[PDB]
């Protein structure tokens, strides 16, 4: 089997299809903003879930994470050394100094959007601020590589180069999370090709106008290795270092990359 799927080109959406995906993605965007406002010291991650879920439903969409291979919530809420897939719960209470990653997806009229970001509760630790900003820059670096005629791993390589520049910018070593990455997305949340956050340029399928990928760098302040907790979902750094996660669903167009999961 091919690591990157069967198709020579990442499936091209039409302009109407991209608008339909962008309407799903604005809802995810709206959900992320509402969750971030609600996310104060003393609030539980389950309260955040309820906030995200309402926003999704009141806009006429459905949360794509809910019941997804058994996942119990509408968001992942991963805190500090938790990387991805944190399960919202009444006993995960946010405290001042926490680093919070929120991951969210929605479906509207059969089309998916998937986005994530990381922010601080209260006043951010300086190492954490650099971590989250480096992750965001790595995402932006990947997004800028979404041009017609590039190949999949040009995006991977641009993400990685963005990570190393952010290292030089912050005088800090960042661990690129091993074994997790982005993906194609459209009528389902997860489609081929898997998108690495690092690797040699010029491999995997071509990008063309209309091709969409979910671009999602994950960085740590230490190791590149992770394990899964006994809850079977929550992913944590093996060394206890904190981690960040940023993501957008992004289309290649004639006029340059288009974020389909825009925030209000």
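Residue numbers count along the first chain shown, from 1.
**Q** Averaging CA B factors per stretch from the PDB record, which one is higher: 132-140 or 118-126?
**A** The stretch with the larger average C-alpha B-factor is 118-126.
**Q** Select between 251-259 and 20-28 the stretch whose C-alpha atoms have the higher average B-factor in the entry.
**A** The stretch with the larger mean CA B-factor is 251-259.
**Q** Out of 92, 108, 189, 102, which residue has the highest Cα temperature factor in the PDB record?
**A** If I rank 92, 108, 189, 102 by C-alpha B-factor, first place goes to 92.
**Q** So among 61, 195, 66, 230, who wins on Cα B-factor in the entry?
**A** Of the options given, 230 has the highest CA B-factor in the PDB entry.
**Q** Taking only the Cα B-factors deposited for this chain, tell me whether residue 74 sits in the lowest, middle or highest third.
**A** Lowest third - that is where residue 74 ends up once the chain's C-alpha B-factors are sorted.
**Q** Taking the C-alpha B-factors as the PDB entry records them, is residue 13 in the lowest, middle or highest third of its chain?
**A** As the PDB entry reports it, the C-alpha B-factor of residue 13 lands in the middle third of its chain.
**Q** Among the modelled residues of its chain, does the C-alpha B-factor of residue 212 lie in the lowest, middle or highest third?
**A** Lowest third, going by the recorded CA B-factors of the chain.
**Q** Of the three thirds of its chain by CA temperature factor, lowest, middle or highest, which one includes residue 43?
**A** Tercile = highest for this residue's CA B-factor.
**Q** Comparing residue 221 with the other modelled residues of its chain, is its CA B-factor in the lowest, middle or highest third?
**A** According to the entry, residue 221 has a C-alpha B-factor in the chain's highest third.
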